[PDB]
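In: Sequence below, structure please.
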Amino acid sequence: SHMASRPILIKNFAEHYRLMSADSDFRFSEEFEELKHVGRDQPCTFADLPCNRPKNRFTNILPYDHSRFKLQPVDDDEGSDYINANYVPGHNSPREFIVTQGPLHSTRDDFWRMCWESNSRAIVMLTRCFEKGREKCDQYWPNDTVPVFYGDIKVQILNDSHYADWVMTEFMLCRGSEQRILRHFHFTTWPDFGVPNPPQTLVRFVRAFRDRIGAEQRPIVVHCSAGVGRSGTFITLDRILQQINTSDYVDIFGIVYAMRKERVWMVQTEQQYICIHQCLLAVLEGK
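Out: Numbers count the residues shown, from 1 in each chain. Right below this line is the structure:
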């Protein structure tokens with residue numbers, strides 16, 4: 001298998017990295033460039049409806065139709081089923097992740113409703129609300145233990161835990177007497193430009209996340225800013241760290257290819273793509 005898959009033998013990974021990164025990442029660049037058109041022929045009809053335009057952060061980051069998360073419709077509203085989000089495959093399920101943009105203030109009720117209707121018990125946030133003084137994500141969660149309603153969804157903080165690179169928040173979610181616990185994993189350390197350096201900080205976060213959530217059978221919500229770059233990087237890394245326990249091959253190219261089919265620009269930059277490889281290399285070398 002050669003077109004949508006580049007399996008690498010785990011024991012040969014250090015060599016493959018050295019080979020791919022040689023000559024200022026020539027082969028890495030060539031390989032990542034092969035992905036640029038993947039999935040881009042697929043329609044984004046609903047995302048481009050007049051009623052839905054205000055719900056997208058970016059005009060060019062739109063959810064594919066075949067793939068988009070659909071909210072329950074409200075009977076008198078045109079795109080009440082619409083949110084900028086896509087089911088994206090993981091290690092355990094073809095619908096393991098729902099990846100979405102950082103909510104706008106205007107879409108945070110939709111966001112919480114998606115969390116509820118999807119039965120999600122986990123959110124992964126890979127951005128700060130503000131970076132370089134630009135709004136990347138509306139703060140859609142409370143600042144204290146005072147419960148806050150978003151649409152019909154009541155959100156309350158039970159506890160939080162602050163680490164060097166991330167904050168873990170446990171929420172109670174209530175909708176009319178129905179009650180759930182949801183966990184919020186907020187990576188707070190992604191730099192203003194480039195990718196985490198050293199990569200180990202990101203690995204530590206993925207380990208802690210996957211350790212805490214186990215083998216979730218319900219969708220995990222993942223977002224950054226646009227919901228493509230950092231989100232794709234996180235998913236690919238989470239996936240391969242599971243893959244290496246159960247297989248002697250890793251297929252990062254194949255992961256990214258499959259993700260591109262489901263959501264636009266999933267691993268967004270060549271730098272992020274190389275970063276995925278560095279993260280795994282650090283794991284295979286015992287840091």
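In: Next, count neighbours for residue 113.
Out: 20 (other C-beta atoms under 10 Å). Heads up, the C-betas are built off the backbone N, CA and C, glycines and all.
In: Go ahead and list the helix or strand containing it.
Out: helix 108-117 (DSSP states H and E).
In: chain center to that helix: distance?
Out: Mean C-alpha position of helix 108-117 versus that of the full chain (C-alpha atoms, centre = their mean, to the nearest Å) differs by 16 Å.
In: Output that helix as CSV - backbone C-alpha positions only.
Out: The C-alpha coordinates for helix 108-117 follow below in CSV (Å, rounded to 0.1, in the frame of the first residue of the first chain):
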residue,chain,number,x,y,z
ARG,A,108,-20.7,28.6,22.0
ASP,A,109,-24.3,27.5,22.7
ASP,A,110,-24.1,25.3,19.5
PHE,A,111,-20.8,24.0,20.8
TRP,A,112,-22.2,22.9,24.2
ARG,A,113,-25.3,21.4,22.5
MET,A,114,-23.0,19.4,20.2
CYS,A,115,-21.1,18.2,23.3
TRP,A,116,-24.4,17.1,24.8
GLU,A,117,-26.0,15.6,21.7
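In: Any buried residues in it, and which?
Out: 108-116 (16 or more other C-beta atoms under 10 Å).
In: Tell me the helices and strands packed up against it.
Out: Counting contacts by 3 or more C-beta pairs under 8 Å, 6 or more residues apart in numbering; DSSP states H and E, helix 108-117 packs against strand 82-88, strand 97-100, strand 148-150, strand 153-162, strand 166-175.
In: Quick check: which of those strands has the most neighbours on average?
Out: Of all these, strand 97-100 has the most neighbours on average by mean count of other C-beta atoms under 10 Å, namely a mean of 28.
In: To what extent is the residue nearest to residue 93 when sequence neighbours are not counted buried, counted in neighbours?
Out: In space, and not counting its chain neighbours, residue 93 is closest to residue 217: 7.3 Å by C-beta to C-beta, 6 or more residues apart in numbering. As a burial measure, residue 217 scores 10 neighbours (other C-beta under 10 Å).
In: hang on, the earlier thing: which helices and strands does the next helix or strand after the helix holding residue 113 pack with?
Out: Using DSSP H and E, the helix or strand that follows helix 108-117 towards the C-terminus is strand 122-125. Counting by 3+ C-beta pairs under 8 Å, 6+ apart, the packing neighbours recorded for strand 122-125 are strand 178-187, strand 220-223.
In: which strands and helices sit next to the first one?
Out: This points to strand 178-187. strand 122-125, strand 166-175, helix 200-213.
In: what's the closest of these to residue 26?
Out: Proximity to residue 26 (C-beta to C-beta) singles out helix 200-213 among those, at 24.6 Å.
In: what about that closest one, distance to the chain center?
Out: On C-alpha atoms, centre = their mean, the centre of helix 200-213 falls 14 Å from that of its chain.
In: what do you get for stretch 280-287?
Out: The answer for stretch 280-287 is 22 Å, by C-alpha atoms, centre = their mean.
In: Over to stretch 251-258?
Out: For stretch 251-258, the distance to the chain centre is 15 Å (C-alpha atoms, centre = their mean).
In: So what touches it?
Out: The contact list for stretch 251-258 (C-beta atoms under 8 Å, 6 or more residues apart in numbering) reads 1, 4-8, 31, 35, 38, 89, 232, 235-236, 239-240, 243, 266-267, 273, 276-277, 280.
In: Which among those count as buried?
Out: 4, 6, 8, 31, 35, 38, 89, 232, 235-236, 239-240, 243, 266-267, 273, 276-277, 280.
In: Just the residues you listed: which are in helices?
Out: Using DSSP state H, the members of the buried ones among the contacts of stretch 251-258 that fall in helices are 31, 232, 235-236, 239-240, 243, 273, 276-277, 280.
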